Amino acid sequence: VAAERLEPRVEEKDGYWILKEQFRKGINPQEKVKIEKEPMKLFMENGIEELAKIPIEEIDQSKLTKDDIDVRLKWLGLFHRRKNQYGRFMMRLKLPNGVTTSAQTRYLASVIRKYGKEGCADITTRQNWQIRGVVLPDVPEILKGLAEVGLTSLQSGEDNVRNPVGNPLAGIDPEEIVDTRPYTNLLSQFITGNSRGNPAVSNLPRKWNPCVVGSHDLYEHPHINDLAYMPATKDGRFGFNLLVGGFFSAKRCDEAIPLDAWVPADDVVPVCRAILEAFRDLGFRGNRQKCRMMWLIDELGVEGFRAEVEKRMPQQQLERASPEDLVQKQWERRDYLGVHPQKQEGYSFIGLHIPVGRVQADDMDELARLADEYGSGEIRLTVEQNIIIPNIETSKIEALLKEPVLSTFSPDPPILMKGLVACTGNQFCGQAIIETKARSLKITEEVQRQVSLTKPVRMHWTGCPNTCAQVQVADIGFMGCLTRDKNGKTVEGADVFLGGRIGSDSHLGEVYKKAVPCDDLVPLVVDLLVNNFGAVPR
Ligand code: SRM
Ligand code: SF4
Ligand SMILES: [Cl-]
Ligand SMILES: [Cl-]
Ligand SMILES: [K+]
């Protein structure tokens with residue numbers, strides 16, 4: 001790699017970071033959008049106030065404003081559902097470590113309630129909230145309301161650092177390695193500039209996913225993050241070994257690889273900054289399918305990339321990885337659904353199943369009520385799109401288990417439901433090839449009617465090759481496609497994946513059978529479970 005390849009391609013200009021003139025040749029259409037107008041201006045210079053006043057039909061008549069709503073608004077966490085819910089916006093938060101409060105939950109509920117049939121909310125595969133139904137004129141007020149309850153929606157989509165994932169049992173688990181909340185909080189604050197916006201990290205070549213590990217279970221999926229902090233002692237000091245470049249895409253899925261770097265715990269933010277600066281400064285900005293950070297690491301080599309991180313550290317020092325980390329390879333992933341004792345004597349947490357992560361306003365209020373009456377007003381989200389309510393005096397559990405809402409959001413659903421994960425799909429998502437959420441529930445119900453099992457088989461449904469529901473990590477994965485029935489009629493189908501493993505012995509699954517009509521999946525899955533996962537016909 002030439003010395004010329006290492007010239008930073010972006011520069012700071014009037015508080016924002018923009019591509020230098022000599023590096024603008026051959027860039028993708030989105031890079032052109034960012035040059036035409038800095039997206040962060042919609043928030044940091046309050047451009048949203050005037051934009052929100054223009055009728056959507058008028059907005060669509062000019063490239064600048066259409067790009068504002070379809071692209072730049074993702075820097076404010078707003079996602080125009082152009083194809084499938086025209087004129088309405090999904091809104092996505094920053095929610096480090098998946099931690100929410102009852103007050104925040106009620107606020108989100110009140111927003112979606114306004115929108116009636118156009119409104120609902122979802123827990124995401126990054127343990128985050130999305131709300132739906134938002135109309136542009138309401139955005140300024142919603143931004144204020146979020147701030148009032150201690151939430152931000154900043155930099156949650158497009159070419160930004162995504163939600164910092166942590167241990168859902170952080171601070172409450174007798175078996176945790178390190179409480180991940182301080183670190184994920186620091187990361188979120190750094191990324192969003194304490195909810196004011198951070199332009200230093202908002203002009204990346206592509207999305208970028210971070211996680212901090214604190215569990216032997218590896219609930220945080222470090223193997224599929226752009227940056228994963230693996231807890232490790234080095235020379236008697238506590239810190240993190242660093243894995244880099246994990247990602248999924250339609251074209252390519254890759255697990256994270258060692259940077260061969262360890263940082264002390266206090267350097268979590270400095271090294272995040274250094275890595276992001278290296279990616280921002282040096283990443284390819286052509287074909288969007290070749291813009292994820294792993295492509296830069298392949299181009300420079302891991303050592304070449306490492307040197308670029310090193311030069312961006314304070315005092316330009318970056319220690320080599322510690323030979324061992326603190327994560328025990330001998331470990332069975334623990335079920336968190338149901339009632340479990342906390343490390344705080346006399347307290348329990350309860351994991352509740354949220355069917356396919358979907359909730360209505362009334363449901364959110366009920367969950368917020370439970371958290372107040374039984375817990376400490378805290379609700380935690382998980383990457384399987386479930387919830388945990390921590391800090392419940394164990395003496396209250398008997399009463400809790402009799403609560404009517406627990407028949408819907410159960411602490412002990414059937415085993416296949418415990419492991420079921422599904423993306424948005426075509427109810428709202430314009431990229432979706434099939435409907436996912438309703439279908440996956442229906443199929444899973446029918447399958448479980450036919451077989452019993454003891455192995456916690458994990459089934460993931462994703463609506464298109466973007467694989468937001470991570471089918472490559474599943475025991476059985478379903479990727480949306482269109483296919484043909486016996487008569488040659490177009491029907492929704494799934495490509496079926498097998499081989500995904502999570503935890504320390506991770507592995508990426510692959511397509512096993514293409515183009516199965518969704519209507520034919522039940523018998524296929526029943527047989528797979530009996531033949532490969534020890535299931536027994538009922
Ligand atoms: C909501 C969520 C799935 C879910 O039901 O939980 C989701 C939903 C969408 N993803 Fe995703 N992704 C979600 C996690 C994922 C993950 C999983 C993860 O982070 O562990 C991946 C695969 C891992 C990865 O990125 O490396 C993922 C891979 C993508 C991709 C393909 C990325 C690529 O490099 O090609 C796209 C398309 C893109 O960005 O170009 C995408 C784009 C989209 C969009 C924004 C597409 C669009 O605007 O319509 C989806 C919004 C649909 C909607 O209305 O909800 N989504 N997306 C997840 C929100 C996470 C969050 O809170 O931030
Ligand atoms: S996997 Fe495809 S269909 Fe599902 S939310 Fe992601 S982009 Fe939409
Ligand atoms: Cl996006
Ligand atoms: Cl769309
Ligand atoms: K769920």
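Residues numbered from 1 in each chain as written, not as in the entry; some residues may be left out. Chains lettered and ligands numbered in written order. Heavy atoms only, no water.

## A closer look at the coordination of the potassium ion (ligand 5)
Around a metal, the perfect tetrahedron of four donors has angles of 109.5 degrees, and the perfect octahedron of six donors has angles of 90 or 180 degrees. Note the cut-off: The rule for donors is simple: N, O or S, within 2.8 Å of the metal, or within 3.2 Å if the metal is Na, K or Ca. Water isn't counted, so a site may look like it is missing partners. Relative accessibility thresholds used throughout: buried, under 20% of the residue-type maximum; exposed, over 50%; partly exposed, between the two (1.4 Å probe, protein chains only).
In this structure, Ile354 (O), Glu384 (O), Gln385 (O) and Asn386 (OD1) serve as the protein donors to the potassium ion (ligand 5), at separations of 2.6 to 2.9 Å. Site description for the potassium ion (ligand 5): donor spacing in sequence, I-x29-E-Q-N. Both residues of the pair, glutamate 384 and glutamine 385, count as buried.

## Notes on the sheet that holds strand β9 (residues 227-234)
Threshold: Think of it this way: DSSP has to see at least two bridges between two strands before they count as a pair. Going along the chain from the N terminus, every DSSP run of H or I of four or more residues is numbered as a helix, and every run of E of two or more is numbered as a strand. Angular values range over 0 to 180 degrees, each being the angle between N-to-C directions of two axes fitted as lines to C-alpha atoms, with helices fitted over their stretch in contact. The contact definition used throughout considers only heavy atoms, calling two residues in contact when any of these lie within 4.5 Å.
Strand order in the open sheet made by the 4 strands is β8-β9-β10-β11, with mixed pairing throughout. Edge positions in the sheet fall to β8 (210-212) and β11 (257-264), since each has one partner strand and no second. Each strand axis lies, on average, 30° off the axis of its neighbour in the sheet, ignoring direction. Looking at chain direction, β9 and strand β10 (residues 237-244) are connected through 8 bridges and run antiparallel. From the neighbouring strand, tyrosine 229 faces β10, where its bridge partner is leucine 242. The strands touched by helix α8 (residues 181-191) within the sheet are β8, β9 and β10, with β8 carrying the most contacts at an inclination of about 155°.

## A few points about helix α11 (residues 361-374)
Every α-helix carries 3.6 residues per turn, so stepping three or four residues along brings you back to the same face. The criterion, for reference: Here the expected length of a helix is defined as 1.5 Å per residue gap, with one fewer gap than residues.
Taking 1.5 Å per residue, 14 residues should reach 20 Å; α11 reaches 20 Å between its end C-alpha atoms and fits that length. The set of residues buried in α11 consists of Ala361, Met364, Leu367, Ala368, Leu370, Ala371 and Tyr374.

## Considering the site of ligand 1
Put simply, the rule is: A cutoff of 4 Å decides nearness: a residue is near a molecule or strand if any of its heavy atoms lies inside that distance of it. Each polar contact in these results corresponds to two N or O atoms within 3.5 Å; when the atoms are within protein, one needs to be able to donate a hydrogen and the other to accept it, and residues that are neighboring in sequence are counted only if both atoms are side-chain atoms. Note on residue classes: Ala, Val, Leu, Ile, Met, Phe, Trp, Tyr, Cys and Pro are nonpolar, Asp, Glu, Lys and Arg are charged, and everything else, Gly too, is polar.
The local shell around ligand 1 holds 27 residues, among which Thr124, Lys207, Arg292, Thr424 and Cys468 are the closest. Between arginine 206 and ligand 1, the recorded distance is 3.0 Å, taken from a side-chain N or O atom to an oxygen atom. Between an oxygen atom of ligand 1 and a main-chain N or O atom of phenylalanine 248, the distance comes to 2.9 Å. In terms of residue class, the shell around ligand 1 is made up of 9 nonpolar, 11 polar and 7 charged.

## A closer look at the pairing of strand β7 (residues 129-135)
Among the 7 residues in β7, 6 count as buried, and that is most of the element. For strand β6 (residues 120-123) and β7, the ladder comprises 4 bridges, and the chain directions are antiparallel. In the sheet register, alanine 121 faces β7, and the bridge partner there is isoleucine 131. Two successive antiparallel strands, β6 and β7, enclose a turn made up of 5 residues, where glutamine 127 displays a positive phi of approximately 45°.

## Some remarks on the side chain of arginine 132
With respect to the helices, strands and loops of the structure, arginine 132 is situated in strand β7. Within polar-contact distance, the side chain of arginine 132 engages the side chain of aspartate 122 at 2.8 Å. Beyond its immediate chain neighbours, meaning those up to four positions away, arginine 132 contacts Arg81, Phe89, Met90, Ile112, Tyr115, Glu118, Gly119, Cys120, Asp122, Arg358, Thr424 and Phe428.

## What to know about the nonpolar core
Short version of the rule: By convention a nonpolar core is built from buried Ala, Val, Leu, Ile, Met, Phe, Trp, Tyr and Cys residues, the set being connected through side-chain atoms within 4.5 Å.
Within the largest apolar cluster, 56 residues are counted, with the highest numbers of intra-cluster contacts made by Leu73, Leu108, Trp129, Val134, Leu136 and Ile387. The dominant element in this core, judged by the number of residues it contributes, is α11, at 6 residues. When sequence neighbours within four positions are dropped, the list of residues in contact with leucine 73 reads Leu42, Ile48, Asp68, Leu78, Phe89 and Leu136. Formed by 40 residues, the second largest nonpolar core is a distinct cluster that contains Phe190, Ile191, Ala274 and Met294.

## Brief notes about the domain arrangement of the protein chain
Buried accessible area, meaning the area lost when the parts come together, often serves as the stated size of an interface. Under the convention used in this document: Boundaries of every domain are those given by an automatic assignment or by a domain database. Accessible area that two parts lose when put together, evaluated with a 1.4 Å probe and summed over both, is termed the buried area. Any carboxyl oxygen of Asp or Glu that lies within 4 Å of a side-chain nitrogen of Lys or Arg is treated as forming a salt bridge with it.
Domain boundaries assigned for the protein chain yield domain 1 (1-149 + 336-413), domain 2 (150-335) and domain 3 (414-538). Distance between the C-alpha centres of domain 2 and domain 3: 29 Å. Taken together, the contact between domain 2 and domain 3 spans 16 residues of the former and 13 residues of the latter. Summed over both sides, the interface of domain 2 with domain 3 buries roughly 1,200 Å², with 65% coming from carbon and sulfur. Of all residues in domain 2, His223, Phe248 and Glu255 bury the most surface against domain 3, accounting for 38% of the area lost on that side. Our count for the domain 2 to domain 3 interface comes out at 1 salt bridge. Between domain 2 and domain 3 we count 2 residue pairs in polar contact in total.

## Observations regarding the environment of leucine 136
With respect to the helices, strands and loops of the structure, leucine 136 is situated in the loop between β7 and α7 (139-148). The spacing of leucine 136 and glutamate 49 is 87 residues in sequence and 9.8 Å in space, taken between C-alpha atoms. Residues in contact with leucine 136, not counting those within four places in the same chain, are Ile48, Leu51, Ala52, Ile59, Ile69, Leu73 and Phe89.

## Notes on the site of ligand 2
Ligand 2 sits among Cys423, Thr424, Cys429, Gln431, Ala432, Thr462, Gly463, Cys464, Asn466, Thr467 and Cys468. Per-class residue counts for the shell around ligand 2 are 5 nonpolar, 6 polar and no charged.

## With respect to the packing of aromatic side chains
What counts is decided by this rule: For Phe, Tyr and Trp, rings pair up if their centres lie within 6.5 Å, where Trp contributes its six-membered ring, and each pair is then called stacked (planes under 30 degrees apart), edge-to-face (over 60) or tilted (otherwise). Whether a charge sits over a ring depends on NZ of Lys or CZ of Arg being within 6 Å of the ring centre and within 35 degrees of the ring normal.
Summed over all chains, the structure comprises 5 aromatic pairs. Residues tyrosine 229 and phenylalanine 240 carry aromatic rings whose centres are separated by 5.7 Å and whose planes lie at 85° to one another, so their mutual orientation is edge-to-face. Of the two residues, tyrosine 229 is situated in strand β9 and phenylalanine 240 in strand β10; the sequence distance between them amounts to 11 residues. Taken individually, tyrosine 229 and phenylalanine 240 each receive the classification buried, so the pair is uniform in this respect. An angle of 15° between the planes, with centres 4.4 Å apart, marks the rings of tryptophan 461 and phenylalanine 478 as stacked. Of this pair, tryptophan 461 sits in strand β19 (residues 459-462) while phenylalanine 478 sits in strand β20 (residues 476-484), placing them 17 residues apart in sequence. The same class applies to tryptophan 461 and to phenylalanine 478, which are both buried. These aromatic residues form a ring-pair network of at least three members: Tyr183, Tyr229, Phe238 and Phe240. Cation over ring: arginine 252 sits above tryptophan 295, and NZ or CZ is 4.3 Å from the ring centre. Above the face of the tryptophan 17 ring, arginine 280 is positioned so that its terminal group lies 3.7 Å from the ring centre.

## A closer look at the sheet that holds strand β12 (residues 338-341)
Pairing within the open sheet is antiparallel, and its 5 strands lie in the order β5-β15-β16-β13-β12. Strands with a single pairing partner mark the edges of an open sheet, and in this sheet they are β5 (99-101) and β12. The mean inter-strand angle of the sheet, taken between neighbouring strand axes irrespective of direction, is 30°. Pairing analysis gives 4 bridges linking β12 to strand β13 (residues 347-352), with the strands arranged antiparallel. In the strand pairing of β13, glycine 338 is matched with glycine 351.

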